[PDB]
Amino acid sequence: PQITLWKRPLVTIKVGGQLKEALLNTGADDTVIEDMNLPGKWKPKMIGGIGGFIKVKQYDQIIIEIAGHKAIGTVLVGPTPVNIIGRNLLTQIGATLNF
């Protein structure tokens, strides 16, 4: 798609077999999604940004569909108010910024 930026870049994702909404975030290194029940092994990690850091669960090699594009990679699960797709999965689906 050609995602425009007049509105929030919202897409449907599928994680843990469940459909959710998420925000495509070129300004995030990582992918972090709202606390959820997710199958798979995980380990603790901190991730940061404005206002400081939050503690999350780091799940490796998680299957996740982004607007119908398949990715399998690292998904952080924690206290974010919004599901954000970051560069680790944006690169997997071949996303670029263009102007």
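Residues carry their position along the shown sequence, with the first being 1.
Asks: Please compare 35-43 with 59-67 and name the stretch with the higher mean C-alpha B-factor in the deposited structure.
Replies: Mean CA B-factor is higher for 35-43.
Asks: Would you determine, from the values in the PDB entry, which of 21-29 and 76-84 has the greater average C-alpha temperature factor?
Replies: The entry gives the higher C-alpha B-factor average to 76-84.
Asks: Is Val15 in the lowest, middle or highest third of its chain when residues are ranked by C-alpha B-factor?
Replies: It belongs to the middle third of the chain when residues are ordered by C-alpha B-factor.
Asks: Lowest, middle or highest third: where is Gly52 by C-alpha B factor in its chain?
Replies: Highest third of the chain for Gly52's C-alpha B-factor.
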